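> Data: run-v8.cif, mmCIF, N, CA and C atoms.
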```
data_run
loop_
_atom_site.label_atom_id
_atom_site.label_comp_id
_atom_site.auth_asym_id
_atom_site.auth_seq_id
_atom_site.Cartn_x
_atom_site.Cartn_y
_atom_site.Cartn_z
N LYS A 1 -223.38 31.04 -191.49
CA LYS A 1 -222.08 31.04 -190.76
C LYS A 1 -221.83 32.41 -190.13
N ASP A 2 -221.00 32.48 -189.12
CA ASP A 2 -220.72 33.78 -188.47
C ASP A 2 -219.33 34.29 -188.87
N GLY A 3 -219.12 35.58 -188.79
CA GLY A 3 -217.79 36.14 -189.18
C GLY A 3 -217.89 37.65 -189.32
N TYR A 4 -216.86 38.29 -189.81
CA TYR A 4 -216.90 39.77 -189.97
C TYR A 4 -217.00 40.14 -191.45
N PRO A 5 -217.88 41.06 -191.74
CA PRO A 5 -218.08 41.51 -193.14
C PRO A 5 -216.90 42.38 -193.59
N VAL A 6 -216.50 42.26 -194.83
CA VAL A 6 -215.36 43.08 -195.32
C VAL A 6 -215.83 44.00 -196.45
N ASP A 7 -215.02 44.97 -196.81
CA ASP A 7 -215.42 45.90 -197.90
C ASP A 7 -214.96 45.36 -199.26
N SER A 8 -215.11 46.13 -200.30
CA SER A 8 -214.67 45.66 -201.65
C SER A 8 -213.18 45.32 -201.63
N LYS A 9 -212.47 45.75 -200.62
CA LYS A 9 -211.01 45.45 -200.55
C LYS A 9 -210.78 44.17 -199.74
N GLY A 10 -211.72 43.80 -198.92
CA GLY A 10 -211.55 42.57 -198.10
C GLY A 10 -211.11 42.95 -196.68
N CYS A 11 -211.37 44.16 -196.28
CA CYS A 11 -210.97 44.59 -194.91
C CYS A 11 -212.17 44.56 -193.97
N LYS A 12 -211.99 44.10 -192.76
CA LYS A 12 -213.12 44.04 -191.80
C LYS A 12 -213.80 45.41 -191.70
N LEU A 13 -215.10 45.43 -191.59
CA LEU A 13 -215.82 46.74 -191.49
C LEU A 13 -215.78 47.25 -190.05
N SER A 14 -215.06 48.31 -189.80
CA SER A 14 -214.98 48.86 -188.42
C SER A 14 -216.38 49.22 -187.92
N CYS A 15 -216.67 48.95 -186.67
CA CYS A 15 -218.02 49.28 -186.13
C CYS A 15 -217.88 50.16 -184.88
N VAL A 16 -218.76 51.11 -184.71
CA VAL A 16 -218.68 51.99 -183.51
C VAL A 16 -219.94 51.84 -182.66
N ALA A 17 -220.96 51.22 -183.20
CA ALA A 17 -222.22 51.05 -182.42
C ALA A 17 -222.87 49.70 -182.76
N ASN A 18 -223.62 49.15 -181.84
CA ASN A 18 -224.27 47.83 -182.11
C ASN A 18 -225.38 48.00 -183.16
N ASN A 19 -226.21 49.00 -183.00
CA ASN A 19 -227.31 49.22 -183.98
C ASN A 19 -226.76 49.21 -185.41
N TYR A 20 -225.65 49.87 -185.64
CA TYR A 20 -225.07 49.90 -187.01
C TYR A 20 -224.89 48.48 -187.53
N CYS A 21 -224.20 47.64 -186.80
CA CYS A 21 -223.99 46.24 -187.26
C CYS A 21 -225.33 45.50 -187.34
N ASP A 22 -226.19 45.71 -186.38
CA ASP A 22 -227.51 45.02 -186.40
C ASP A 22 -228.15 45.15 -187.78
N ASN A 23 -228.33 46.36 -188.25
CA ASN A 23 -228.95 46.55 -189.59
C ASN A 23 -228.08 45.92 -190.68
N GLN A 24 -226.84 46.34 -190.78
CA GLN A 24 -225.94 45.76 -191.82
C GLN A 24 -226.07 44.23 -191.83
N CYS A 25 -225.70 43.59 -190.76
CA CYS A 25 -225.79 42.10 -190.71
C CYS A 25 -227.16 41.64 -191.22
N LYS A 26 -228.22 42.18 -190.68
CA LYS A 26 -229.58 41.78 -191.13
C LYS A 26 -229.65 41.76 -192.66
N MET A 27 -229.25 42.82 -193.30
CA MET A 27 -229.29 42.86 -194.78
C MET A 27 -228.47 41.71 -195.37
N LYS A 28 -227.46 41.27 -194.67
CA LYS A 28 -226.63 40.15 -195.18
C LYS A 28 -227.22 38.80 -194.75
N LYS A 29 -228.48 38.79 -194.38
CA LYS A 29 -229.11 37.51 -193.95
C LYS A 29 -228.47 37.02 -192.65
N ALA A 30 -228.15 37.91 -191.76
CA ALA A 30 -227.52 37.49 -190.47
C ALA A 30 -228.51 37.66 -189.32
N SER A 31 -228.28 37.00 -188.22
CA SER A 31 -229.21 37.12 -187.06
C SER A 31 -228.50 37.79 -185.88
N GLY A 32 -227.23 37.55 -185.73
CA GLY A 32 -226.48 38.18 -184.60
C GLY A 32 -225.54 39.26 -185.14
N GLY A 33 -226.06 40.44 -185.38
CA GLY A 33 -225.19 41.53 -185.91
C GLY A 33 -224.88 42.52 -184.78
N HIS A 34 -223.63 42.70 -184.46
CA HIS A 34 -223.26 43.65 -183.38
C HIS A 34 -221.82 44.14 -183.57
N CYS A 35 -221.41 45.11 -182.80
CA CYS A 35 -220.02 45.63 -182.94
C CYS A 35 -219.10 44.97 -181.90
N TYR A 36 -218.00 44.42 -182.33
CA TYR A 36 -217.07 43.76 -181.37
C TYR A 36 -215.62 43.94 -181.83
N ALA A 37 -214.72 44.16 -180.92
CA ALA A 37 -213.29 44.34 -181.31
C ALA A 37 -213.16 45.44 -182.36
N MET A 38 -213.93 46.49 -182.24
CA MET A 38 -213.85 47.59 -183.24
C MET A 38 -214.18 47.06 -184.64
N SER A 39 -214.73 45.88 -184.72
CA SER A 39 -215.07 45.31 -186.06
C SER A 39 -216.50 44.78 -186.06
N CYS A 40 -217.21 44.96 -187.14
CA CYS A 40 -218.62 44.46 -187.20
C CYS A 40 -218.63 42.93 -187.31
N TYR A 41 -219.58 42.30 -186.67
CA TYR A 41 -219.65 40.81 -186.73
C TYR A 41 -221.11 40.35 -186.84
N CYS A 42 -221.42 39.56 -187.84
CA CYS A 42 -222.82 39.08 -188.00
C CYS A 42 -222.90 37.58 -187.71
N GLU A 43 -223.98 37.14 -187.12
CA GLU A 43 -224.11 35.68 -186.82
C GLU A 43 -225.24 35.07 -187.67
N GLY A 44 -224.89 34.27 -188.63
CA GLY A 44 -225.94 33.64 -189.49
C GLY A 44 -225.70 34.03 -190.95
N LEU A 45 -224.56 34.60 -191.24
CA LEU A 45 -224.27 35.00 -192.65
C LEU A 45 -224.35 33.78 -193.57
N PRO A 46 -224.40 34.05 -194.85
CA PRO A 46 -224.48 32.96 -195.86
C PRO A 46 -223.13 32.25 -195.98
N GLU A 47 -223.15 30.98 -196.30
CA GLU A 47 -221.87 30.23 -196.43
C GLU A 47 -220.99 30.86 -197.52
N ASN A 48 -221.56 31.71 -198.33
CA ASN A 48 -220.76 32.36 -199.41
C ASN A 48 -220.61 33.86 -199.13
N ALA A 49 -220.74 34.26 -197.89
CA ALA A 49 -220.60 35.70 -197.55
C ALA A 49 -219.13 36.12 -197.62
N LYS A 50 -218.88 37.39 -197.77
CA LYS A 50 -217.46 37.86 -197.85
C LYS A 50 -217.00 38.36 -196.47
N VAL A 51 -216.37 37.51 -195.71
CA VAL A 51 -215.89 37.93 -194.36
C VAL A 51 -214.47 37.40 -194.11
N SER A 52 -213.84 37.85 -193.06
CA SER A 52 -212.46 37.38 -192.77
C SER A 52 -212.50 36.15 -191.86
N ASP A 53 -211.74 35.14 -192.17
CA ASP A 53 -211.74 33.91 -191.32
C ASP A 53 -210.64 34.01 -190.25
N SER A 54 -210.34 35.20 -189.81
CA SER A 54 -209.28 35.37 -188.77
C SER A 54 -209.56 36.61 -187.92
N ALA A 55 -209.52 36.48 -186.62
CA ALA A 55 -209.78 37.65 -185.75
C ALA A 55 -208.54 38.55 -185.67
N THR A 56 -207.52 38.23 -186.42
CA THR A 56 -206.28 39.06 -186.38
C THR A 56 -205.79 39.32 -187.81
N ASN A 57 -206.53 40.07 -188.57
CA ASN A 57 -206.11 40.37 -189.97
C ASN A 57 -205.60 41.81 -190.07
N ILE A 58 -204.93 42.14 -191.14
CA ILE A 58 -204.41 43.53 -191.30
C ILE A 58 -204.68 44.04 -192.72
N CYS A 59 -205.59 44.96 -192.87
CA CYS A 59 -205.89 45.50 -194.22
C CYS A 59 -204.86 46.55 -194.62
N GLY A 60 -204.30 46.43 -195.80
CA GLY A 60 -203.29 47.43 -196.25
C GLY A 60 -202.27 46.75 -197.17
#
```
Please express what this file holds, its structure, as structure tokens.

Amino acid sequence: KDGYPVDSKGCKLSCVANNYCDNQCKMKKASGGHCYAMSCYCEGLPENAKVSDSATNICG
């Protein structure tokens, strides 16, 4: 499944470069890892991956 990876708190991982997400996503078994909306997004994550199901979340 696709979505944005979150930290131990459940907040989307901010991304500043595509290469950064590419590697991260890959480690999470993802195929489309890139930086978008200032947030990392992987395509192909596991159905049990920890990501946010909303493009408009607020960590805090």
> What does the PyMOL selection byres (((chain A and resi 28 and name CA) around 12) and name CA) select in this file, as a ChimeraX atom specification?
/A:1-6,21-27,29-33,41-51
> Considering only N, CA and C atoms, return as a PyMOL selection string whatever protein or nucleic-acid residues lie within 8 Å of residue 36 (chain A), sequence-local ones (same chain, fewer than 5 positions apart) excluded.
chain A and resi 14-18+21+41
> Work out how far CA of residue 39 (chain A) is from CA of residue 52 (chain A), in Å to one decimal.
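If I compute the distance from CA of residue 52 (chain A) to CA of residue 39 (chain A), I get 10.7 Å.
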> Could you give me the residues within chain A that DSSP places in helix (DSSP H, G or I), as a ChimeraX atom specification?
/A:18-27
> Here is a test: counting only C-alpha atoms, which residue of A:20, A:35, A:40, A:55 is nearest to residue 7 (chain A)?
A:40
> Do you know which residues the PyMOL selection byres ((chain A and resi 58) around 8) returns on this file, as a VMD selection string?
chain A and resid 10 to 12 54 to 57 59 to 60
> Give the strand (DSSP E) residues of chain A, as DSSP finds them on the backbone, and put them as a list in words.
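Selecting the strand (DSSP E) positions of chain A gives residues 2, 3, 4, 5, 34, 35, 36, 39, 40, 41, 42, 43, 51 and 52 of chain A.
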> So how far away is atom C of residue 53 (chain A) from atom C of residue 8 (chain A), in Å?
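Here the two named atoms are 16.2 Å from each other.
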> Let me have the centre and edge lengths of the axis-aligned box enclosing all listed atoms of region 16-34 of chain A with 8 Å padding on every side, in Å to one decimal, as lines of an AutoDock Vina configuration file.

```
center_x = -224.2
center_y = 44.5
center_z = -188.6
size_x = 27.0
size_y = 31.0
size_z = 29.5
```
> Please complete region 15-36 of chain A with N, CA, C and O atoms and give it back as a CSV table (one decimal), keeping the file's coordinate frame.

```csv
chain,number,residue,atom,x,y,z
A,15,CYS,N,-216.7,49.0,-186.7
A,15,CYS,CA,-218.0,49.3,-186.1
A,15,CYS,C,-217.9,50.2,-184.9
A,15,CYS,O,-217.0,50.0,-184.1
A,16,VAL,N,-218.8,51.1,-184.7
A,16,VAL,CA,-218.7,52.0,-183.5
A,16,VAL,C,-219.9,51.8,-182.7
A,16,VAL,O,-220.0,52.3,-181.5
A,17,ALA,N,-221.0,51.2,-183.2
A,17,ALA,CA,-222.2,51.0,-182.4
A,17,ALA,C,-222.9,49.7,-182.8
A,17,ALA,O,-222.7,49.2,-183.8
A,18,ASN,N,-223.6,49.2,-181.8
A,18,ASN,CA,-224.3,47.8,-182.1
A,18,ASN,C,-225.4,48.0,-183.2
A,18,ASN,O,-225.5,47.2,-184.1
A,19,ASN,N,-226.2,49.0,-183.0
A,19,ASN,CA,-227.3,49.2,-184.0
A,19,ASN,C,-226.8,49.2,-185.4
A,19,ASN,O,-227.3,48.6,-186.3
A,20,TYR,N,-225.6,49.9,-185.6
A,20,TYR,CA,-225.1,49.9,-187.0
A,20,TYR,C,-224.9,48.5,-187.5
A,20,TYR,O,-225.4,48.1,-188.6
A,21,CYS,N,-224.2,47.6,-186.8
A,21,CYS,CA,-224.0,46.2,-187.3
A,21,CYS,C,-225.3,45.5,-187.3
A,21,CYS,O,-225.6,44.8,-188.3
A,22,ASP,N,-226.2,45.7,-186.4
A,22,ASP,CA,-227.5,45.0,-186.4
A,22,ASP,C,-228.2,45.2,-187.8
A,22,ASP,O,-228.5,44.2,-188.4
A,23,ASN,N,-228.3,46.4,-188.2
A,23,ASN,CA,-229.0,46.6,-189.6
A,23,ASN,C,-228.1,45.9,-190.7
A,23,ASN,O,-228.5,45.1,-191.4
A,24,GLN,N,-226.8,46.3,-190.8
A,24,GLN,CA,-225.9,45.8,-191.8
A,24,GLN,C,-226.1,44.2,-191.8
A,24,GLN,O,-226.5,43.6,-192.8
A,25,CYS,N,-225.7,43.6,-190.8
A,25,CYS,CA,-225.8,42.1,-190.7
A,25,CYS,C,-227.2,41.6,-191.2
A,25,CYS,O,-227.3,40.8,-192.1
A,26,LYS,N,-228.2,42.2,-190.7
A,26,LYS,CA,-229.6,41.8,-191.1
A,26,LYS,C,-229.6,41.8,-192.7
A,26,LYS,O,-230.1,40.8,-193.3
A,27,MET,N,-229.2,42.8,-193.3
A,27,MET,CA,-229.3,42.9,-194.8
A,27,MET,C,-228.5,41.7,-195.4
A,27,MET,O,-228.8,41.2,-196.4
A,28,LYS,N,-227.5,41.3,-194.7
A,28,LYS,CA,-226.6,40.2,-195.2
A,28,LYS,C,-227.2,38.8,-194.8
A,28,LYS,O,-226.6,37.8,-194.7
A,29,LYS,N,-228.5,38.8,-194.4
A,29,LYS,CA,-229.1,37.5,-194.0
A,29,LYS,C,-228.5,37.0,-192.6
A,29,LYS,O,-228.3,35.8,-192.5
A,30,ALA,N,-228.2,37.9,-191.8
A,30,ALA,CA,-227.5,37.5,-190.5
A,30,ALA,C,-228.5,37.7,-189.3
A,30,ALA,O,-229.5,38.4,-189.4
A,31,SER,N,-228.3,37.0,-188.2
A,31,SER,CA,-229.2,37.1,-187.1
A,31,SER,C,-228.5,37.8,-185.9
A,31,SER,O,-229.1,38.5,-185.1
A,32,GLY,N,-227.2,37.6,-185.7
A,32,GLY,CA,-226.5,38.2,-184.6
A,32,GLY,C,-225.5,39.3,-185.1
A,32,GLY,O,-224.4,39.0,-185.3
A,33,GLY,N,-226.1,40.4,-185.4
A,33,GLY,CA,-225.2,41.5,-185.9
A,33,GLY,C,-224.9,42.5,-184.8
A,33,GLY,O,-225.8,43.1,-184.2
A,34,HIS,N,-223.6,42.7,-184.5
A,34,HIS,CA,-223.3,43.6,-183.4
A,34,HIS,C,-221.8,44.1,-183.6
A,34,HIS,O,-221.1,43.6,-184.4
A,35,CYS,N,-221.4,45.1,-182.8
A,35,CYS,CA,-220.0,45.6,-182.9
A,35,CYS,C,-219.1,45.0,-181.9
A,35,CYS,O,-219.4,45.0,-180.7
A,36,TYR,N,-218.0,44.4,-182.3
A,36,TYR,CA,-217.1,43.8,-181.4
A,36,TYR,C,-215.6,43.9,-181.8
A,36,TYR,O,-215.3,43.9,-183.0
```
